[PDB]
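Participant: Can you look at this? It's an experimental structure, sequence on top.
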Amino acid sequence: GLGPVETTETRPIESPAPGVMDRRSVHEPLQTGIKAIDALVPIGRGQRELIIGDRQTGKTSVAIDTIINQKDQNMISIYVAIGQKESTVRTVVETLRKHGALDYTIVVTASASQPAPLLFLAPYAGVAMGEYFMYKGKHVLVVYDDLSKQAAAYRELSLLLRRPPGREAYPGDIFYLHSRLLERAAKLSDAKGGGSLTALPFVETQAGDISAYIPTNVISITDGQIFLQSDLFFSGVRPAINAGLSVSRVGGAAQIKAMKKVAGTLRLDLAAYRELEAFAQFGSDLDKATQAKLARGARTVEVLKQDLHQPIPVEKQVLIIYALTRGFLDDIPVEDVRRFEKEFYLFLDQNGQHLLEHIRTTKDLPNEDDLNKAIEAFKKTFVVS
Amino acid sequence: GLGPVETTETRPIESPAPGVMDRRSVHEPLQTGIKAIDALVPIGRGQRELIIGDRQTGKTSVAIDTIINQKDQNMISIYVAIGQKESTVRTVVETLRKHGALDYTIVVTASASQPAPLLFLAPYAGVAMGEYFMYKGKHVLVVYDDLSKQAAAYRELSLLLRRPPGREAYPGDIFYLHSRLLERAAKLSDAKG
Amino acid sequence: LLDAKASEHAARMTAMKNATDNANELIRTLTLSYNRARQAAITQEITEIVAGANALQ
Amino acid sequence: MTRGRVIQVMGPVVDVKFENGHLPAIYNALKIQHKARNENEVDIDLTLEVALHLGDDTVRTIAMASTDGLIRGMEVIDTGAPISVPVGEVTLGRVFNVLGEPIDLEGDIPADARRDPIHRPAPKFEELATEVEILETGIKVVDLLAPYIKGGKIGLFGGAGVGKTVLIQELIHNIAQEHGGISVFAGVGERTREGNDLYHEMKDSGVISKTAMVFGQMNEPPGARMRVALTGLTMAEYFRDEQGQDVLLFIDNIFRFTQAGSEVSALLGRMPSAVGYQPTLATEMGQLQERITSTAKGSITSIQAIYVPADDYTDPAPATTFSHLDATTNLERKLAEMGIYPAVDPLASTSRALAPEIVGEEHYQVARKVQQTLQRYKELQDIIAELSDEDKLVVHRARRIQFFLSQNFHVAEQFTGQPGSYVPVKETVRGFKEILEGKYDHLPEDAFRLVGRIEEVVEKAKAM
Amino acid sequence: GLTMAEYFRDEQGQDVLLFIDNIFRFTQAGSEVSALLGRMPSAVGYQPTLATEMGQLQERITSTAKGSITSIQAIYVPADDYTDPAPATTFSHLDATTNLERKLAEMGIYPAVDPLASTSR
Amino acid sequence: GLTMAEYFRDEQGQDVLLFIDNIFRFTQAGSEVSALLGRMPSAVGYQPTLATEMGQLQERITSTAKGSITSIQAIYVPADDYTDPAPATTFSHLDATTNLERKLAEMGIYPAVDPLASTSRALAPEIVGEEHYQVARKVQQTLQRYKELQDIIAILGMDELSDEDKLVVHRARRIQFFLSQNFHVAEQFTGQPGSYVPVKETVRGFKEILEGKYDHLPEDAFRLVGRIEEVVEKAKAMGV
Ligand SMILES: [Mg+2]
Ligand SMILES: [Mg+2]
Ligand SMILES: [Mg+2]
């Protein structure tokens, strides 16, 4: 209700995808601000990563934090809400407006009370609006609130038109409907301009069952998935990401040199800790390399926790993960790791003003001796309770 | 590709089985040549024995050895290949020809690229070929290399005719399909030959 | 007594190893039966859907 | 004359009405080419494939592209033959789609070339080879433990991050260099990003001059992804039949072939089979795989990547495809984490050609002895991480045996420096027999890393 | 009941409560007529128009600029199977859950609301 | 055959026996026909009229005031599934049932009757007696208790049980082996002549087994014998 929209162009909703020879490999990174994603499951510009999990796991929060983080990264964001409640859409738009994220964002909405064709047509409209910027040299990011509600709406339309059904009554061309949409996200070559479009579809499961028809359909199209668990959400772990079932086939090519040099040890440590986490009740284990690994794993798990909004710059993430992996956190007890990292961030803003600039300008982590001296200097001031 | 076959008789594919008062008990041995079968699971002339196992357990080898062993015994062997690979059928025929087992063997073939209607008539063609010798006083042995492929071909054919499927999508007469075929094997009485 | 304590701990370790192996084998057989049930459920559901849809015509 | 007209359009399914006694045969190709007459129309360039004769001069067909913009009553042309693709030396080094049109922006194939139909019956019984032969790849582990067979089928159970696109390039290079063969790669249900990556990799390593490529993308209608493997198959059959070469054919995922077939069957209104598959699953698989044979002229050998749904090996699709395979090859991560290339599992990999009547008696015995030694070493891991008398010697021999299975490839030279080698089967068998006997027990274990014959390890030890 | 409640929100500007004995039955009733109207069945023998009906019901209770309607709904899960289409469809409209436990009622805690199983957004 | 038996029953007042080789094939053939008759299929593809046809057949086999018809029927279970529509429907017409299981046959126990799922309407204290009822109930109770302990024996073992549980297992294995027998018609397979045991001897033998009288003999001496004196003789010939 702000008046008419004054445009002068139109784009067909059903248009073809860029060809095999019209593309280029993914190298630039997409910074989200969540440490777990940015370290273990990196996303590059032009990728298609799936976010999958049950309800009551907080996927909209992940999407909203990612959207907010793009303030000074020269990106245009599009948020598509399919089958959601109008009240939640209104509060999400109000959250976006407060953080000043409405200067580069477009919202397309088809709530649960709308006719089924609108729910089926919304994602194509979103990607059609994105392609206009994509084909002029810009970078776009499209989020689909749920790809299962669109599939259900399409199934309803097909059954009402008397088209032969299939498994779980879905039509024959239900894989086509989603693959034709998700193959329009690309990274263009230098001859076509150099623009890109990144896609983050959502799929909701029931009781954590990923064997269902649509969940297996969308897993086999995308370039990797992020798994959110309902057990970790209830306990209070935000975000409730699972690194044992999350993959990214683009890999380290979507990362900076410092993050590459830092993330491997963290991955190995978390993998080691995940096996023995369930047996902490029975101590008296091998004193050599069991409780040491338990302590390192607990320190790792505390580092990866985060709070709603307030994303973190990549240099700060790199520096804190470097501090954790080099053995600078063993003296600090588990209950003080969060406060330690917060006060470290505060410390770097005053007396660490050159390491951050070196990482920003060069994209490589600073000299080891200077880093060690800085972390040694901070520890003498931090008072441990 | 060796030229035309010069026969002068025919037999219907669908034919009745011998009656209750036409048979007699089995009292003669069929020697396979394999110690484990010949000592633990003996087989008689006129019997119906099933060989069952997973893929890659080598039952074609058992069939070939049994067919080869009948060189001296006055037996006529028939080998039916349903849904196999034509290359393996070629090599099996080559193995049979080496050991001189083609003087008393007929091979009926329907490979995996042939239509389902042809994959489903092959056992009946084989039994029709065998009954010609059987009803003259001779002794025959017939091998069906896979009934689980005949069943799948029949299910495919019957689903295209829009017939309501049962358990595992198999039709209602999938038992009749096999029972009507395996009831043509018998040990005839002395009045019948 | 010290010899007895050593023997006790060795026996407990070996018994736990055997128990774990048995549990693993049971898991294997249960998984086989589960896959059979999964396939049967899918087949029956799709058959019912198509049988219902064919009734209108 | 011989013009049809559109009657119905339901997504990817079309109906065309023809004249009396002028219907096209099943599997033919029909063409729609329309130019916008007024401002209320669009331009159309579409190809359709005949599927059923419904009666009343009506034919039901599936579409190979998008059907948006079709109007009832538009003219349809009957070509008179199935999809025909160009064959010969003109297809080497180029990228095509299901219709045979190049998609690499290097020009068009001239209209006077020779084209061959997609659909064809399999070779007859009297034209096959009566014996079983062995394909010498030149890779030590594959040649020793899981031998290949001319005209056979191999299942590659690899994945992402294990070194699959390097093994494929090595196979292409070795076959072309030593035997003179040609390679065809067919990608069914292929992501566009990964196709781009593979094309650039092949152009970098230089093998693109000996291979043809066909791509059926993930964003194509189910009819298109169902008939891509047939285009690569008919491109390879030319070199097999006309020239008499030994040709390689790679299939990127044989599971997406069956999935596309099931989607097409659902679109046509058929009663589903068990677990919801098409009633004609086995017939379609057999019609694809029976054209990959070894005749009296040449042979086609197929390497196919298989995905197993739900980790269920008894599922109808893997169970149907496993009855055609002659060998398997498994790549595993931890073997790559130890720096062993290629990362082939030496105990999970199997083959039906490892029998004494095919490879002789020396080869068979050496292979079994290597397998038993490796199995024992695998068993002893729990104890190891002075146990017995012979176990120390077992471990001492097994470390060397496990390290000697690695090799230096001609396609890793551009990244490492080493020339890369090609090891014959007799040489690798002799080397493994000598290692088993212990003739080279007095050398460091690191010398047995990324070398060719058994002389190179001795030279490495001498120079180290 | 919904149209009886909306009058007070839209005309008196009050804050109203709406209790629903079993929302599940609502959806169930729809299926019982769907096949008789001549409609092809969807998964588990439900009507093809399930989410549309539930959304058209549940979207009318909101908080406008005048007043609000807040609804407490009791839901029965068939055989305690939470993946059934009807509970799975209606669970995407809920903001909070309130669990009543017999264990706390036996010991003399009134109300018997479970503190470790009740959730809210 | 039903008509042939009904003539005798209703016209000569005789007592007639009726054997049916496999009553499942009757419903299976009905299912095959109903598809071509043009009927909408029921669950698992069966005919809509399964129960009506079964009842129309099975209600003529009764004992009226003139004579009686004792019918013994063998019923097939498809794919070893006892919850199939046909066995489930036929279960409701029977006075005494006998369920054979493949697991018991795989262990060599013959016949393979399941001792807990087989029922009879004549197992009442006033019909068979009072000793018989108590003996049968105690045997069934011990077999059920042994059945409850199978999983924990499978995973942990026999060393983590109480003394009473070990005693229960000790007697249960003996009872399960003593339920087997050697038949006259099975002589051509094995070689043993075959056995016949009256009721009182069976009750006596199981009463002695339950009392711990034969707890020292090997568990293998109980297989394929007629009576308990034969158990004693077989144990004696075994060197014990
Ligand atoms: Mg959520
Ligand atoms: Mg076979
Ligand atoms: Mg019987």
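Facilitator: Done, it's in. Residues are numbered from 1 along each chain as shown, chains lettered A, B, ... in the order given. Ligands and ions are numbered 1, 2, ... in the order given.
Participant: Could you use CA atoms for every contact and neighbour count after this?
Facilitator: OK.
Participant: Please verify my assumption that residue D:29 contacts residue D:80.
Facilitator: Yes. Between residue D:29 and residue D:80 there is a contact at 7.2 Å, judged by C-alpha atoms under 8 Å.
Participant: Are we agreed that residue D:250 is in a strand?
Facilitator: Yes. When the secondary structure is assigned by DSSP: H, G, I helix; E, B strand; the rest coil, residue D:250 falls within a strand.
Participant: Now do whichever residue of chain F sits closest to ligand 1 against residue C:44, distance only.
Facilitator: Nearest to ligand 1 in chain F, going by C-alpha to the ion, is residue F:43, at a distance of 39.1 Å. Residue F:43 sits 9 Å away from residue C:44 when distances are taken as C-alpha to C-alpha, to the nearest Å.
Participant: higher neighbour count, the two?
Facilitator: When neighbours are counted by other C-alpha atoms under 10 Å in any protein chain shown, residue F:43 and residue C:44 differ, and residue C:44 comes out ahead with 20 against 14.
Participant: Which residue, neighbours along the chain excluded, lies closest to the most centrally placed residue in chain F?
Facilitator: Nearest to the mean C-alpha position of chain F, counting by C-alpha atoms, centre = their mean, stands residue F:98 at 3.2 Å. On the basis of C-alpha to C-alpha, 6 or more residues apart in numbering or on different chains, the spatially nearest residue to residue F:98 that is not a chain neighbour turns out to be residue F:118, at 4.9 Å.
Participant: What strand or helix carries the closest residue to chain A within chain D?
Facilitator: Per C-alpha to the nearest C-alpha, the residue of chain D with the smallest distance to chain A is residue D:219, at 4.5 Å. Assigned by DSSP states H and E, residue D:219 falls within no helix or strand.
Participant: dump the residue contacts of residue 14.
Facilitator: This is for chain A. Taking C-alpha atoms under 8 Å, 6 or more residues apart in numbering or on different chains as the contact definition, residue A:14 lies against residue A:124.
Participant: meant chain F actually
Facilitator: Counted by C-alpha under 8 Å, 6+ apart, residue F:14 has contacts F:8, F:66-68.
Participant: Quick one: the helices in chain C, in order.
Facilitator: Using DSSP state H, the helices found in chain C span residues C:2-53.
Participant: Next to chain C, which bits of chain F? Give me the list.
Facilitator: Remark: the part of chain F in contact with chain C comprises F:44, F:154-156, using C-alpha under 8 Å from any C-alpha of the partner chain.
Participant: so can I have TSV of those residues showing neighbour count?
Facilitator: Putting the residues of chain F next to chain C into TSV (neighbours: other C-alpha atoms under 10 Å in any protein chain shown) gives the following:
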residue	neighbour count
F:44	17
F:154	13
F:155	17
F:156	17
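Participant: nearest to residue A:239, of those?
Facilitator: For the residues of chain F next to chain C, the minimum distance to residue A:239 (C-alpha to C-alpha) is 38.9 Å, reached by residue F:155.
Participant: ok, whatever residue of chain C ends up closest to chain A - how many residues close by?
Facilitator: Closest to chain A within chain C is residue C:46: 5.9 Å, counting by C-alpha to the nearest C-alpha. Taking other C-alpha under 10 Å as the neighbour definition, residue C:46 ends up with a count of 24.
Participant: Which residue, neighbours along the chain excluded, lies closest to it?
Facilitator: residue A:167 (5.9 Å).
Participant: do residue A:308 as well
Facilitator: For residue A:308, the nearest residue in space outside its immediate sequence neighbours is residue A:61; the separation is 7.2 Å by C-alpha to C-alpha, 6+ apart.
Participant: does the one you found belong to a helix or a strand, and which?
Facilitator: If you go by DSSP H and E, residue A:61 is part of helix A:59-68.
Participant: Tell me the helix or strand right after that helix.
Facilitator: Going down the chain from helix A:59-68, the next helix or strand is strand A:76-82, by DSSP H and E.
Participant: Tell me how far that following strand lies from the chain's centre.
Facilitator: 14 Å (C-alpha atoms, centre = their mean, to the nearest Å).
Participant: what packs against that strand?
Facilitator: When contacts are defined as 3 or more C-alpha pairs under 8 Å, 6 or more residues apart in numbering or on different chains; DSSP states H and E, strand A:76-82 packs onto strand A:105-110, helix A:116-134, strand A:139-144, helix A:147-160.
Participant: run the last query once more with 10 Å
Facilitator: For strand A:76-82, the contact count by 3 or more C-alpha pairs under 10 Å, 6 or more residues apart in numbering or on different chains; DSSP states H and E identifies helix A:59-68, helix A:86-98, strand A:105-110, helix A:116-134, strand A:139-144, helix A:147-160, strand A:196-205 as packing neighbours.
Participant: ok, the last one near chain E or not?
Facilitator: The reference is to strand A:196-205. Yes. Using C-alpha under 10 Å from any C-alpha of the partner chain, strand A:196-205 comes into contact with chain E via residue A:205.
Participant: got the angle for that strand vs helix A:147-160?
Facilitator: 70 degrees (axes from the mean of the first three to the mean of the last three C-alpha atoms, to 10 degrees).
Participant: Residues touching the following helix or strand past strand A:196-205, excluding its own?
Facilitator: Along the chain past strand A:196-205, the next helix or strand (assigned with DSSP H and E) turns out to be helix A:213-219. By C-alpha atoms under 10 Å, 6 or more residues apart in numbering or on different chains, the residues outside helix A:213-219 that reach it are A:49-52, A:147-148, A:151-152, A:167-168, A:170, A:174-176, A:178-179, A:182, A:201-205, A:209-211, A:225, D:309-310.
Participant: And stretch D:409-425, by the same measure?
Facilitator: Outside of stretch D:409-425, the residues within contact range by C-alpha under 10 Å, 6+ apart are D:136-144, D:147, D:166-167, D:169-171, D:173-174, D:177-178, D:202, D:204-207, D:341-342, D:363, D:407-408, D:431, D:450-454.
Participant: buried residues in that stretch?
Facilitator: Taking 16 or more other C-alpha atoms under 10 Å in any protein chain shown as the neighbour-count basis, stretch D:409-425 is seen to contain the buried residues D:409-411, D:420-425.
Participant: So which elements touch the helix ranked longest in chain F?
Facilitator: Scanning chain F for the helix with the most residues, using DSSP H, yields helix F:131-148. With contacts defined as 3+ C-alpha pairs under 10 Å, 6+ apart, helix F:131-148 has these neighbours: helix F:125-128, helix F:163-178, helix F:199-210.
Participant: then it to CSV, C-alphas only?
Facilitator: Once non-C-alpha atoms are left out, helix F:131-148 reads as follows in CSV (Å, rounded to 0.1, in the frame of the first residue of the first chain):
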residue,chain,number,x,y,z
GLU,F,131,-4.5,-83.1,35.5
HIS,F,132,-4.3,-82.7,31.7
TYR,F,133,-5.3,-79.0,32.0
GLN,F,134,-2.7,-78.1,34.6
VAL,F,135,0.1,-80.0,32.8
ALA,F,136,-0.6,-78.2,29.5
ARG,F,137,-0.9,-74.8,31.1
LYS,F,138,2.4,-75.2,33.0
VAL,F,139,4.2,-76.4,29.8
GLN,F,140,2.9,-73.4,27.9
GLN,F,141,3.9,-71.1,30.7
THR,F,142,7.5,-72.4,30.7
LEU,F,143,7.7,-72.2,26.9
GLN,F,144,6.4,-68.6,26.9
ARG,F,145,9.0,-67.6,29.6
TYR,F,146,11.8,-69.1,27.6
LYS,F,147,10.5,-67.2,24.5
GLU,F,148,10.8,-64.0,26.5
